[PDB]
Structure formats: C-alpha cells, structure tokens
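J.: The structure follows.
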Amino acid sequence: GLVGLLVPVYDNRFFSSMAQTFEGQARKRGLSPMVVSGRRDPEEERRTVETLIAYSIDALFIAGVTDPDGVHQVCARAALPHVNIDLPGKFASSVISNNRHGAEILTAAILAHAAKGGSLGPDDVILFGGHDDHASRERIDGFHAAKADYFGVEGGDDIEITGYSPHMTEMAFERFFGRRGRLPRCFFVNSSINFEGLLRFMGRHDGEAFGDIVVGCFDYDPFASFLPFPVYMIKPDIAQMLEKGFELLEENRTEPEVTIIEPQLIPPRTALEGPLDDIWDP
Amino acid sequence: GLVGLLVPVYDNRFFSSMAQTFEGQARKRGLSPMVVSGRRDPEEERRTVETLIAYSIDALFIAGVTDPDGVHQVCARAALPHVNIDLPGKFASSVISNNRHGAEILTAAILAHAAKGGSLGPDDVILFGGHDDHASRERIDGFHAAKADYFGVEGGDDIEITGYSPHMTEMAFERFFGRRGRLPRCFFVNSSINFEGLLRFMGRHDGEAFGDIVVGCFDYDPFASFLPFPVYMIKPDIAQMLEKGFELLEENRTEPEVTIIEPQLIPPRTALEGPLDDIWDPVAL
Ligand SMILES: OC[C@@]1(O)OC[C@@H](O)[C@@H](O)[C@H]1O
Ligand SMILES: OC[C@@]1(O)OC[C@@H](O)[C@@H](O)[C@H]1O
Numbered sequence: 056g057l058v059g060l061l062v063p064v065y066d067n068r069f070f071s072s073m074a075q076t077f078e079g080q081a082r083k084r085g086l087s088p089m090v091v092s093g094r095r096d097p098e099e100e101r102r103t104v105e106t107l108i109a110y111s112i113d114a115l116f117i118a119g120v121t122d123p124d125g126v127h128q129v130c131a132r133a134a135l136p137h138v139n140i141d142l143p144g145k146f147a148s149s150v151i152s153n154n155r156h157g158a159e160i161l162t163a164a165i166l167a168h169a170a171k172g173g174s175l176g177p178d179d180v181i182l183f184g185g186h187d188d189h190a191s192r193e194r195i196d197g198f199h200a201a202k203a204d205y206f207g208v209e210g211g212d213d214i215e216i217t218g219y220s221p222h223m224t225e226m227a228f229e230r231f232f233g234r235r236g237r238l239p240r241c242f243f244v245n246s247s248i249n250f251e252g253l254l255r256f257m258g259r260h261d262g263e264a265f266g267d268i269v270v271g272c273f274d275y276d277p278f279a280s281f282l283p284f285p286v287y288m289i290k291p292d293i294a295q296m297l298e299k300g301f302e303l304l305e306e307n308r309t310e311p312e313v314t315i316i317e318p319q320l321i322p323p324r325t326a327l328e329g330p331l332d333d334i335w336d337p
Numbered sequence: 002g003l004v005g006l007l008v009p010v011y012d013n014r015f016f017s018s019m020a021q022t023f024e025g026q027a028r029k030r031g032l033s034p035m036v037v038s039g040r041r042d043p044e045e046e047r048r049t050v051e052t053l054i055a056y057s058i059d060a061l062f063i064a065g066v067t068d069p070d071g072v073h074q075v076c077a078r079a080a081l082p083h084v085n086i087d088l089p090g091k092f093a094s095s096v097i098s099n100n101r102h103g104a105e106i107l108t109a110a111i112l113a114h115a116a117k118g119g120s121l122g123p124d125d126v127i128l129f130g131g132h133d134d135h136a137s138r139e140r141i142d143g144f145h146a147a148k149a150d151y152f153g154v155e156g157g158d159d160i161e162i163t164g165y166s167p168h169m170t171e172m173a174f175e176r177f178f179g180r181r182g183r184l185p186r187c188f189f190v191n192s193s194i195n196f197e198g199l200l201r202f203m204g205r206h207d208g209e210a211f212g213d214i215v216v217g218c219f220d221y222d223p224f225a226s227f228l229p230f231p232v233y234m235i236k237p238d239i240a241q242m243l244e245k246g247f248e249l250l251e252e253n254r255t256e257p258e259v260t261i262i263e264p265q266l267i268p269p270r271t272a273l274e275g276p277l278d279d280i281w282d283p284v285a286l
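Line by line, the protein sequences are chains A and B. Count along the first sequence from 1, add 55, and you get the number used in this note's numbering. Count along the second sequence from 1, add 1, and you get the number used in this note's numbering.
This is the structure in structure tokens:
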C-alpha cells in the first residue's frame, strides 16, 4: 500500500506542511507514505513518476507540478491512480484551494490594517507575484477584486511581476524601493517563497526601519506571522484537500472533477497547532 | 537507483532543508531521491525501512531517528547501504554536526549581545530544551561551557527540560513567565521545533510585555532570523554532511566512523541563498 506525494520542493513551507499532513493521513489509511520532488521541471516530474511506477507505487498525489498533462499520461500508461492537488489538471480530478476568495479576504484584511496607519491610495497597494500558475492568476483576481471594492476604481499598475523564486522577488523589492524610497504601505506576496525574497531585500538594507508596511502572504508559517511588520496569512485547508484527494482515488468516475476548498485567514502573530501531534514528545 | 532519506518529520525546517539538499545531491549522483518519515517512533521507523527494503530501495540515509541501531539491524539484514545523519549510531557510519561547539559559540554570541544591553547574572541565561538526544546533550554541554567561561561559575539551575515538542516548550516559557514576570534576558532554544513553543507563548500573551530578550536557536530559518527580537541561529553544514554521507555509502568498510561537521553561526536578520536554485524560475507551459 505504498502511496506517493509529488511536490515541487521539500523546502517550501506550504508543501512541507502538506507532506506532514499527507503522511499522517496515509498512516491512518494503513498506507505507506513516500514523498518525491519534481523540482518544477516537466522532464524531472516525468522521470520521477516513471521511477515511482517502476518501483510499483499504488497511488500518486500530484501537487504543484508545472506540467500536469505529461505526468497524467505517464500515470495513465501505467494505469496508476492519481489526483491533482493544489494546481488543477484537465485530465484527472483536482483538489485545490479557493485562491481567488483567499486573496480577496487577505487583501481586504491588509487594506483595513494599513488604513489604520493612514488613508491609502491605489498606488499604495501592490502585489508581488505572477501569471504562470492558475493559483497565481486567481490570487491577482481576488487581490484586484478587493482593491476595486475598497477604492471604487480599478486598472492601476499594482502588479509587480515576480518569479516564484525569491531572487526575482528580491530584485523587485530592490527596484521598487529604489524609485519610491520606501516599500509599499500595503502589499501582497504571492507565496511563502516570494516572501523569502522580501527578507533577502531587507537583509541587504540593514538600518532601515520598514515600519510603515503591512504584508499579506499566501501560505502560513508561524515564524512569518511574528515578523516585525504585521503579516496576514492565508492558510489553505491542506487536510481537507488531502482527504478529498483520498476517497477521490477510491472512486472510479472517469469524469474529472475539480473540488475547491476554502482557505482560512490568519491574523498577525498567530502560532497555530501543527500537524505533528505528540511526534516530538520524548 | 532509488535512494531514500528517512527523517523524523517533513514539517521541521532543518529536515525540510535537508531533504532539499539531499534531492539535489542525489540527482547529481544520477540517483532517484525519495523521502520517508519515521515520526520519532522506533517501531514505525523500523517498519518503514522494512517496507522500503521489500520494495528494493538501493540506499538509505538515516537522519534523526530515535532508534539508530534498530534501524541499522533492519538495514543490515537486507545488506542495504545506510549512513546515519545528524544523530550518531554505534553500528553504522555517522555524519553529525558539532553540536557542542556550535552551542558554545551560539551562547557566547547571545551572551555578548545581551550583555551589551546591561550586565548579566547567571540566572539571566537559560536554555529551553534538552533531550535524551545526543545532539541535545551536546548542545546543553556547549551552552554550559560558554556560560561557565563567561560567568566563571557553574551549577546554576538554567536548563528548562522540554521535549522537542512545541507544547511542552510553550508550557516551560509560561512557567518561567509566571515566576519571573518576564522572559529571561538571554536564552538558548534547543531546536527550531522548540522555537515554535516560544511563539505559541507570545501569541497567548498579547499586550503583555515579555521584556528585552536576546535569543539563540540551534537550526537556521530565514523567517526566524528576522523575528523582531534578535535571534542568533546555528546553521549546520547540511551540504557537507550529505556529501560525506554519500561515498560513506559507497564504501564497504565495516568499521563505524563518526565524522563531525562544523556548524556556522548566523547573526540576526540574515537571509541565505538556500538549497533551491533556479527551481522557481518560470516554466511557461
Ligand atoms: O508556496 C507554495 C506555492 O508557491 O507553490 C506553488 C503554488 O501552487 C502554490 O501552492 C503556492 O502556495
Ligand atoms: O529540528 C532539528 C533538531 O532540532 O532536531 C533534533 C536533532 O536531530 C537536531 O538535528 C536538531 O537540528
């Protein structure tokens, strides 16, 4: 009963939390859980799945792959049950978080917090992110939706196109800080990995107070929650996503179904109880 | 060429970065890397490897397991190449960090930083953590060595014994906050997993002043580095540990050898490059 979870990286705070949740859920099913990395490379993702098929894994969870179709064909040729997690696929059923709604409540929350510091203008509210993923594009849509309702206007240049990688995000923060002289008063970071780019930027500018900023991040991390600026985070319901990923694998419907799970807004300085219960007891 | 890394949990920041480093090195070796968790339970650790053996895994990295010897006996029956990482085992080769020395330099750094705010007394310097773990005992020893050298005295009553668990650590900070009315000016947190307990404690006491603190944590995380209070972190050279872990897998020498890798002290507000390079550049399909 070997079941595999395919993730882009182990180092990611969201995917690392998913792997912990996945292992426990698989353990309760009596399955044996293994995690493999696709390294966000379609060829690597295909080779990794082929290796898992060669080693006779029973089921695969496909989480955050850049190419869902190529992975599906490999699983289909091997007749290996697979469900998409987090990022949708057309051929197989997908369980994903409600990125648009999560971004909307996140943007509304950081807008309300920043406004307590002083009235805002649309040029004050910026998103660092990208169009490469359905989740990322959905996040910009929720972000624009909350801004449009708040300001009553839309269509400003509020998107700083940054790559999921922190280095491109760091350069964006460096570039923005260069013309404006400050960080935006209210800004949205697309991912926890993007958030690392902000820290790289901040480390380069020791001696800057960065006191006027309010930040909203997709993905949750207790350490990021307690950062010296107020940080609002969206925590996806990974457990429900995996629970639906399971049971969807049991079920034989050929028709692909996309199931959307509502995320939860996390206020600043919140340290939540984690998936590891009594694992770290002596 | 399936090569496995066995970790206690996926969620831990040290083990998650280790899995990232392990994935890259294994890929360069032309191996196929996969990670499994032992949940710090000896029976599940052994049962997990037994299953990997049944599926004919080629090599295994044993990282932070509660029962290194029992895992070794399981590997030995299958003649499966294995090296212990981070936590030593007597029967198989181990690559471990220099926990005692890293703890010593960590304590010296936070002592120096805390002292710059005001003279210290030995009761101001506390450690939250400690475990039957070899790393934990070595860390407590390095902590005591640095305190004794600084103060010129020892036998202070400065170790708050907690499991790795955040909840027990949170209770430890809570009890300390009850007696003192504040957090200690200088304290050492054994693990990044313990560190969550400190955040849980702070979250429980919103609007309450904890006092001015300097914190040293073993293990490194960029977010934890940038916490509003100064956090000094020890970063183990995970890349070297795994490189030494490989090739130790290649060698057929029966004799167990423990290789000690020096960790690096990280000052507050430091963001590293990490083990992920180019992975997050856009694919555009
Ligand atoms: O940090 C995790 C992340 O960047 O991964 C890629 C996206 O699918 C989404 O899960 C996002 O949260
Ligand atoms: O979180 C990692 C850690 O705290 O766990 C206990 C030890 O294995 C040691 O590696 C230490 O780094």
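Don't be surprised by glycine CBs; every beta carbon is placed ideally from N, CA and C.
Check the C-beta distance from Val4 (chain B) over to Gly39 (chain B) and give it rounded, since I have them as a contact under 8 angstroms.
T.: Locating residue 4 (chain B) in the second sequence gives position 3, counting from the first residue. Locating residue 39 (chain B) in the second sequence gives position 38, counting from the first residue. At roughly 17 angstroms, the Cβ-Cβ gap does not stay under 8 angstroms, so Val4 (chain B) and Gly39 (chain B) are not in contact.
J.: Since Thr106 (chain A) meets chain B, which of its residues come closer than 9 angstroms, beta carbon to beta carbon?
T.: Start at 1 with the first residue of the first sequence, and residue 106 (chain A) comes out as number 51. Those are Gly2, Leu3, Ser33 and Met35, listed as they occur along chain B.
J.: Strictly below 7 angstroms CB to CB, what residues from chain A border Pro69 (chain B)?
T.: Residue mapping note: residue 69 (chain B) aligns to position 68 of the second sequence, counting from 1. What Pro69 (chain B) touches in chain A: nothing, since even the nearest Cβ is about 16 angstroms away.
J.: For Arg101 (chain B), would you say it is in contact with chain E, using Cβ-to-Cβ distances shorter than 7 angstroms as the test?
T.: Chain labels in this structure do not include chain E; the protein chains are A and B.
J.: Please report how far the alpha carbon of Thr217 (chain A) lies from the alpha carbon of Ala285 (chain B), in whole angstroms.
T.: Here residue 217 (chain A) refers to the residue found at position 162 when the first sequence is read from its first residue. Here residue 285 (chain B) refers to the residue found at position 284 when the second sequence is read from its first residue. Cα to Cα, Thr217 (chain A) sits roughly 13 angstroms from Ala285 (chain B).
J.: If we define contact as Cβ-Cβ less than 7 angstroms, is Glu197 (chain B) a contact residue for chain A?
T.: As a first step, residue 197 (chain B) must be located in the second sequence, where it is residue number 196. Closer than 7 angstroms to some Cβ of chain A, the Cβ of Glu197 (chain B) qualifies, so yes.
J.: By the DSSP assignment, the alpha helix (DSSP H) with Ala118 (chain A) in it spans what residues?
T.: If you number the first sequence from 1, residue 118 (chain A) lands on position 63. First-last for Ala118 (chain A): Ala114 to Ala118, but that is the beta strand (DSSP E), not the alpha helix (DSSP H).
J.: Report yes or no: do the segment 57 to 73 of chain A and the segment 86 to 102 of chain A share at least 3 C-beta pairs separated by less than 8 angstroms?
T.: Contact between the segment 57 to 73 of chain A and the segment 86 to 102 of chain A is present, because at least three Cβ pairs lie under 8 angstroms.
J.: In the DSSP assignment, the beta strand (DSSP E) including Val269 (chain A) goes from what residue to what residue?
T.: The sequence position of residue 269 (chain A) within the first sequence is 214, counting from 1. Per DSSP, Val269 (chain A) belongs to the beta strand (DSSP E) from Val269 to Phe273.
J.: How about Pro283 (chain B): is its C-beta nearer than 7 angstroms to some C-beta of chain A?
T.: For this step, residue 283 (chain B) is matched to residue 282 along the second sequence. So yes, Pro283 (chain B) belongs to the interface.
J.: Is any non-hydrogen atom of ligand 2 found closer than 6 angstroms to the C-beta of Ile194 (chain B), if you look at the structure I gave you?
T.: As a working mapping, residue 194 (chain B) is identified with position 193 in the second sequence. Correct: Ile194 (chain B) has its Cβ closer than 6 angstroms to ligand 2.
J.: Would you say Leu331 (chain A) faces chain B, with C-beta separation under 7 angstroms as the test?
T.: Here the question's residue 331 (chain A) lines up with position 276 in the first sequence. Interface residue, yes.
J.: Taking CB distances under 7 angstroms as the criterion, tell me whether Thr271 (chain B) reaches chain A.
T.: What you label residue 271 (chain B) is simply residue 270 of the second sequence in a count that begins at 1. For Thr271 (chain B), the answer is yes, since a Cβ of chain A falls inside 7 angstroms of its Cβ.
J.: For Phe183 (chain A) and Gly119 (chain B), what's the separation of their Cα atoms in angstroms?
T.: Numbered from its first residue, the first sequence carries residue 183 (chain A) at position 128. Numbered from its first residue, the second sequence carries residue 119 (chain B) at position 118. If you take the alpha carbons of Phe183 (chain A) and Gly119 (chain B), they lie about 41 angstroms apart.
J.: Would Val64 (chain A) count as contacting chain B if we go by Cβ distances under 7 angstroms?
T.: Indexing the first sequence from 1 puts residue 64 (chain A) at position 9. Yes - at least one Cβ of chain B is within 7 angstroms of the one on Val64 (chain A).
J.: Just list the residues that DSSP pairs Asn139 (chain A) with in beta bridges.
T.: If you number the first sequence from 1, residue 139 (chain A) lands on position 84. Answer by DSSP bridge pairing, in chain order: A:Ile117 and A:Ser149.
J.: Can you confirm whether the segment 266 to 273 of chain A touches the segment 233 to 251 of chain A when touching is taken to mean that 3 or more C-beta pairs between the two stretches lie within less than 8 angstroms?
T.: The segment 233 to 251 of chain A vs the segment 266 to 273 of chain A: in contact.
J.: Cβ of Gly90 (chain B) within 6 angstroms of any heavy atom in ligand 2?
T.: Counted from its first residue, the second sequence places residue 90 (chain B) at position 89. Checking every heavy atom of ligand 2 against the Cβ of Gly90 (chain B), none is found closer than 6 angstroms.
J.: Measure the Cβ-Cβ separation of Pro264 (chain B) and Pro229 (chain B) and say whether it is below 7 angstroms.
T.: By 1-based counting over the second sequence, the position of residue 264 (chain B) is 263. By 1-based counting over the second sequence, the position of residue 229 (chain B) is 228. Taking 7 angstroms as the Cβ cut-off, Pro264 (chain B) and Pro229 (chain B) do not qualify as a contacting pair.
J.: What does the Cβ neighbour count give for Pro277 (chain A), buried or exposed, with the cut at 16 atoms within 10 Å?
T.: Along the first sequence, read from residue 1 onward, the residue named residue 277 (chain A) stands at position 222. Counting Cβ neighbours within 10 Å, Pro277 (chain A) comes out buried, since at least 16 surround it.
J.: Using a Cβ-Cβ cutoff of 9 angstroms, what residues of the segment 70 to 86 of chain A are near chain B? List them in chain order.
T.: Of all residues in the segment 70 to 86 of chain A, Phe70, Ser71, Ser72, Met73, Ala74, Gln75, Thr76, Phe77, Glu78, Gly79 and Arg82 have a Cβ within less than 9 angstroms of some Cβ in chain B.
J.: What are the start and end residues of the alpha helix (DSSP H) that includes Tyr219 (chain A)?
T.: Stepping through the first sequence from its first residue, residue 219 (chain A) is reached at position 164. Where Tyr219 (chain A) is concerned, there is no enclosing alpha helix (DSSP H), given that its DSSP letter is neither H nor E.
J.: When you compare each of A:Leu86, A:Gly125, A:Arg82 and A:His222 to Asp96 (chain A) by their alpha carbons, which one comes out closest?
T.: Reading the first sequence from its first residue, position 41 is the one you call residue 96 (chain A). Looking at the Cα atoms, A:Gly125 is the closest of the given residues.
J.: Taking 7 angstroms as the threshold (C-beta atoms), are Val75 (chain B) and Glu51 (chain B) in contact?
T.: Taking the second sequence and counting its residues from 1, the one referred to as residue 51 (chain B) is at position 50. Taking the second sequence and counting its residues from 1, the one referred to as residue 75 (chain B) is at position 74. Result yes, Cβ atoms of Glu51 (chain B) and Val75 (chain B) sit closer than 7 angstroms.
J.: Kindly indicate which three-state DSSP category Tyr151 (chain B) falls into: helix, strand or coil?
T.: Within the second sequence, numbered from 1, the residue matching residue 151 (chain B) stands at position 150. DSSP places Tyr151 (chain B) in helix when its eight states are reduced to three.
J.: Using 10 angstroms around the beta-carbon of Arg78 (chain B), count the other beta-carbons present and answer buried if the total reaches 16, otherwise exposed.
T.: Within the second sequence, residue 78 (chain B) is the residue found at index 77, counting from 1. Classification for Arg78 (chain B): exposed.
J.: With a cut-off of 7 angstroms, does the C-beta of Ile280 (chain B) fall near any C-beta of chain A?
T.: One-based indexing of the second sequence puts residue 280 (chain B) at position 279. True, the Cβ-Cβ gap to chain A drops below 7 angstroms.
J.: Examine ligand 1 and report whether any of its heavy atoms sits within less than 6 angstroms of the Cβ of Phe278 (chain A).
T.: Your numbering for residue 278 (chain A) matches position 223 in the first sequence. Because no heavy atom of ligand 1 lies under 6 angstroms away, the Cβ of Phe278 (chain A) does not count as near it: no.
J.: Taking the C-alpha atoms as reference points, what is the distance between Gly131 (chain B) and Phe16 (chain B)?
T.: For this step, residue 131 (chain B) is matched to residue 130 along the second sequence. For this step, residue 16 (chain B) is matched to residue 15 along the second sequence. If I take the Cα positions, the gap works out to 18 angstroms.
J.: What in chain A is Cβ-close to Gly204 (chain B), meaning under 7 angstroms?
T.: If you number the second sequence from 1, residue 204 (chain B) lands on position 203. The answer, in chain order, is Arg324, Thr325 and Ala326.
J.: On a CA-only basis, which of A:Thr309, A:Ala81 and A:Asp178 is nearest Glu215 (chain A)? Give me that one, please.
T.: Your numbering for residue 215 (chain A) matches position 160 in the first sequence. The residue with the shortest Cα to Cα distance from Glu215 (chain A) is A:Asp178.
J.: Any contact of the segment 198 to 216 of chain A with the segment 248 to 255 of chain A, i.e. 3+ C-beta pairs under 8 angstroms?
T.: At 8 angstroms Cβ cutoff, the stretches do not touch.
J.: Compare the C-alpha of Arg30 (chain B) against each of B:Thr49, B:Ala60, B:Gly182 and B:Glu46 and name the closest.
T.: Locating residue 30 (chain B) in the second sequence gives position 29, counting from the first residue. Taking only the C-alpha atoms, the option nearest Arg30 (chain B) is B:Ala60.
J.: Going along chain A in order, which residues have a C-beta closer than 9 angstroms to the C-beta of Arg201 (chain B)?
T.: Residue 201 (chain B) sits at position 200 when you count from the first residue of the second sequence. Within chain A, the residues near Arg201 (chain B) are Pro277, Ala326, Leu327 and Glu328.
J.: If you measure from the beta carbon of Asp188 (chain A) to each beta carbon in chain B, is any gap under 7 angstroms?
T.: Taking the first residue of the first sequence as 1, we reach residue 188 (chain A) at position 133. So no, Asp188 (chain A) is outside the interface.
J.: Short check: CB of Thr103 (chain A) to CB of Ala294 (chain A), under 7 angstroms?
T.: As a first step, residue 103 (chain A) must be located in the first sequence, where it is residue number 48. As a first step, residue 294 (chain A) must be located in the first sequence, where it is residue number 239. Taking 7 angstroms as the Cβ cut-off, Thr103 (chain A) and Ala294 (chain A) do not qualify as a contacting pair.
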